[PDB]
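Taking it in order: structure first as C-alpha cells, then the write-up.
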Amino acid sequence: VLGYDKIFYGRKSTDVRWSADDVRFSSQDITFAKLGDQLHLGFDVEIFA
Amino acid sequence: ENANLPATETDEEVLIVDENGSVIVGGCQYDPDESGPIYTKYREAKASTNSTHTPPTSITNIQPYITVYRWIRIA
Amino acid sequence: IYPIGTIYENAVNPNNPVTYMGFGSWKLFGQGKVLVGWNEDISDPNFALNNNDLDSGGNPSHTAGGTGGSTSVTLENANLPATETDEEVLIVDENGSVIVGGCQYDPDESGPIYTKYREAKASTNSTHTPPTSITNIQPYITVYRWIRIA
Amino acid sequence: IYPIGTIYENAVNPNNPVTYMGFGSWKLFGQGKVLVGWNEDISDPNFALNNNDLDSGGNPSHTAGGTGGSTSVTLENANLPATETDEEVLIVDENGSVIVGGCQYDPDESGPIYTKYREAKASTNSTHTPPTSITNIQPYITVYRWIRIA
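Protein chains in written order, with UniProt numbering: chain A, 247 to 295; chain B, 528 to 602; chain C, 453 to 602; chain D, 453 to 602.
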C-alpha cells in the first residue's frame, strides 16, 4: 500500500479473518522491525516491502 | 538488592511503548468540548514496584543452633 | 579433665557416650541443633538471652542454651529489592502527554474495539505469596552429639 | 577418653593428632561442613538424615556424617512474594472502561500520536534474570580441625 504516513505493505490478510485475526497481526508487526528474515515464517500471507 | 531478582513479567498484559506498536493513542483526542472525559494514562516511564521498599528487611540465615561458649584453653 | 558442659559429644557410635568414655554417664544433646557461639559479648546478636534464656525482665547472662533462625525462608512485600520493569510503560496521572479521550467517534462499533482495562496496580507473580524458600543451611555434616552428663 | 572415630579438633598447629595431640593420628572430618546433632528423629531437613548415608529404600539411619547446606542460594521467580505496581497504570482487559479506540478520526497528519506497544506480559528485570544470589550462612568459626582416626 501507499500512504501519507508511510510507503508500506500491511498484513494483507488471508483465509478467514476472525477474533484471532487481530492477535495474528501483532506477530507481523514486530516482524516489520525484525529484519532477521526468519521470524514466524508466516503462512498467513504478508509483505514487508 | 535490586540486582538480585529473577526477571519478572506482569501476570497479565499491558501497553509497552514501542514505535512499531499496534494500538494507537490517535494523533490527538477529538475533544470538542471539555465534557468529553479527559485523562492521561500518563507518559511511559519505569514501572514502580515497592518504592515502599528502600533497602528491605532481611530474612535470617543461621539455623536453630546451640549458642554456647566454645572454651579454648588459652595455652 | 572433662567437666559437664565442655564440648560434649561422640562422633559416630549409635549408643550412648558412657560405653566408651568410661567415666560416668553422658546424655545425648544437639537434636536438630548446631554448635554456635554465645559469647561473653553481651550485645552480640545470638549471645545475650538465648531463647529459653531470660530473666523475667528478659536478661539472661551473656550465655548459652542458644537458638535462632532456620534454613529455608522467603519474602514479604517489604522483603523485596527496588523493582522497576524495563520497557517504558504508561500509567495514570493528571499531568500526562498521552490524551486518553473520554468519548469520540466510535460511530462504527465495527472498528476493532480494543479497550485495555483500568489504570491499576500490576500484579507480579500474584499466583503465590509463598515463594521458594532458600535454604540457609550451610554445608553441614550432621555429627553425633551425646553430651557428657558429667 | 576419645572413642572410636573421634569427634575431635585443634585450633592451631600444622599437623595431625600424632605430632600435636600425640595419641593417634588425625584428619579433618566435615571439611567445609558445619557440625549438627543427628537426632534419633530423622525429620528436620538439614538436621535429619544423611546426605551420604541412606537406605537402598532411601532411609538414612539416624546417624552422623550426613550432609546439609551449601554456599550460595539464588533467587528465582519461584522465590518472590505477590506484589502490586506502585501507581495506577493501565493493564489490558476486556471489561475495560477506557477504550483505546478502534481507529483514528484523525484528519490531519503530524499532530502527535503514539504507538502504545502490543499489550503483553510486562517485563521486570529481564536485563538481569539470573541475578544476585545472597550467602545463606553465619560468620565462621572455622579452623583446621584434625579429627584423630582412632
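From the three backbone atoms N, C-alpha and C, an ideal C-beta is built for every residue, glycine too.
Listed by chain order, chain D residues near residue i by CB distance under 7 angstroms
{"i": "residue 604 of chain C", "result": "For chain C, the structure presents residues 453 to 602; residue 604 of chain C sits outside this window and is missing."}
{"i": "residue 528 of chain C", "result": "533"}
{"i": "residue 601 of chain B", "result": "Going along chain D, no residue has its Cβ under 7 angstroms from residue 601 of chain B, so there is no contact; the nearest lies around 11 angstroms."}
{"i": "residue 479 of chain C", "result": "Residues of chain D passing the Cβ test: none, with the nearest at roughly 12 angstroms."}
N-terminal and C-terminal residue of the beta strand (DSSP E) that residue i is part of
{"i": "residue 272 of chain A", "result": "Residue 272 of chain A -> not in any beta strand (DSSP E); alpha helix (DSSP H) instead, spanning 265-278."}
{"i": "residue 472 of chain C", "result": "Where residue 472 of chain C is concerned, there is no enclosing beta strand (DSSP E), although the alpha helix (DSSP H) it sits in stretches over 470-473."}
{"i": "residue 460 of chain C", "result": "Taken as a continuous stretch (DSSP letters only), residue 460 of chain C belongs to no beta strand (DSSP E), as it is neither H nor E."}
{"i": "residue 539 of chain B", "result": "535-541"}
{"i": "residue 478 of chain C", "result": "478-480"}
{"i": "residue 600 of chain C", "result": "598-600"}
{"i": "residue 611 of chain B", "result": "Past the edges of chain B, shown from 528 to 602, lies residue 611 of chain B, and the structure says nothing about it."}
C-alpha distance - residue i paired with residue j, whole-angstrom precision
{"i": "residue 522 of chain C", "j": "residue 263 of chain A", "result": "58 angstroms"}
{"i": "residue 536 of chain B", "j": "residue 535 of chain D", "result": "12 angstroms"}
{"i": "residue 579 of chain D", "j": "residue 551 of chain B", "result": "27 angstroms"}
{"i": "residue 575 of chain D", "j": "residue 582 of chain B", "result": "22 angstroms"}
{"i": "residue 274 of chain A", "j": "residue 542 of chain D", "result": "24 angstroms"}
{"i": "residue 567 of chain D", "j": "residue 570 of chain B", "result": "12 angstroms"}
{"i": "residue 465 of chain D", "j": "residue 473 of chain D", "result": "10 angstroms"}
{"i": "residue 556 of chain B", "j": "residue 584 of chain C", "result": "47 angstroms"}
{"i": "residue 545 of chain D", "j": "residue 564 of chain C", "result": "14 angstroms"}
{"i": "residue 586 of chain B", "j": "residue 453 of chain C", "result": "41 angstroms"}
{"i": "residue 531 of chain D", "j": "residue 588 of chain C", "result": "14 angstroms"}
{"i": "residue 538 of chain D", "j": "residue 478 of chain C", "result": "59 angstroms"}
{"i": "residue 559 of chain C", "j": "residue 281 of chain A", "result": "37 angstroms"}
{"i": "residue 507 of chain D", "j": "residue 540 of chain B", "result": "50 angstroms"}
{"i": "residue 470 of chain C", "j": "residue 577 of chain C", "result": "55 angstroms"}
{"i": "residue 549 of chain D", "j": "residue 590 of chain C", "result": "53 angstroms"}
{"i": "residue 572 of chain C", "j": "residue 553 of chain D", "result": "19 angstroms"}
{"i": "residue 593 of chain C", "j": "residue 533 of chain B", "result": "31 angstroms"}
Limits of the unbroken alpha helix (DSSP H) element including residue i
{"i": "residue 500 of chain D", "result": "497-500"}
Close-in-space but distant-in-sequence residues of the same chain around residue i (CB under 7 angstroms, 5 per side omitted)
{"i": "residue 294 of chain A", "result": "255 and 278"}
{"i": "residue 457 of chain D", "result": "602"}
{"i": "residue 286 of chain A", "result": "273 and 277"}
{"i": "residue 520 of chain C", "result": "498"}
{"i": "residue 505 of chain C", "result": "512, 515 and 517"}
Own chain, CB closer than 8 angstroms to residue i, minus 5 neighbours either side, in chain order
{"i": "residue 514 of chain D", "result": "490, 491, 492, 493, 494 and 501"}
{"i": "residue 459 of chain C", "result": "487"}
{"i": "residue 461 of chain D", "result": "595, 597, 598 and 599"}
{"i": "residue 290 of chain A", "result": "257, 259, 260, 261, 270 and 274"}
{"i": "residue 503 of chain C", "result": "517, 518, 519 and 520"}
{"i": "residue 528 of chain B", "result": "582"}
Cross-chain neighbours of residue i in chain C, by beta carbon under 7 angstroms
{"i": "residue 566 of chain D", "result": "550"}
{"i": "residue 494 of chain D", "result": "Per Cβ cutoff of 7 angstroms: no residues; residue 494 of chain D is ~10 angstroms from chain C at best."}
Cross-strand partners of residue i (DSSP beta bridge)
{"i": "residue 489 of chain D", "result": "C:483"}
{"i": "residue 568 of chain B", "result": "C:544"}
{"i": "residue 575 of chain D", "result": "B:536"}
{"i": "residue 550 of chain D", "result": "BP columns for residue 550 of chain D are empty, so no partner."}
{"i": "residue 621 of chain C", "result": "An answer regarding residue 621 of chain C cannot be provided, because it is not within the stretch 453 to 602 covered by chain C."}
{"i": "residue 248 of chain A", "result": "A:253"}
{"i": "residue 519 of chain D", "result": "C:593"}
Interface residues of chain D facing residue i [CB-CB closer than 9 angstroms]
{"i": "residue 576 of chain B", "result": "535, 536, 537, 538 and 576"}
Other residues of its chain near residue i: CB distance less than 6 angstroms, five sequence neighbours each side excluded
{"i": "residue 463 of chain D", "result": "595"}
{"i": "residue 468 of chain C", "result": "598"}
Chain-ordered chain A contacts of residue i [CB-CB under 9 angstroms]
{"i": "residue 561 of chain D", "result": "250 and 251"}
{"i": "residue 547 of chain B", "result": "275, 276, 278 and 279"}
Per-residue contacts from residue i into chain D (C-beta, under 8 angstroms)
{"i": "residue 272 of chain A", "result": "570"}
{"i": "residue 558 of chain C", "result": "551, 553 and 554"}
{"i": "residue 470 of chain C", "result": "What residue 470 of chain C touches in chain D: nothing, since even the nearest Cβ is about 10 angstroms away."}
Chain-ordered neighbours of residue i on chain B, where CB pairs are closer than 8 angstroms
{"i": "residue 498 of chain C", "result": "589 and 594"}
{"i": "residue 585 of chain D", "result": "531"}
{"i": "residue 543 of chain D", "result": "537, 539, 540 and 541"}
Contact set between residue i and chain B, taken where Cβ atoms lie within less than 7 angstroms
{"i": "residue 502 of chain C", "result": "594"}
{"i": "residue 581 of chain D", "result": "533 and 534"}
{"i": "residue 573 of chain D", "result": "536, 537 and 540"}
{"i": "residue 463 of chain D", "result": "599"}
{"i": "residue 522 of chain C", "result": "590 and 591"}
{"i": "residue 510 of chain C", "result": "The contacting residues do not exist; residue 510 of chain C stays about 16 angstroms from chain B at best."}
Contact set between residue i and chain B, taken where Cβ atoms lie within less than 9 angstroms
{"i": "residue 506 of chain C", "result": "None at all; the shortest Cβ gap to chain B is about 14 angstroms."}
Within chain C, partners of residue i - CB distance below 8 angstroms
{"i": "residue 519 of chain D", "result": "591, 592, 593 and 594"}
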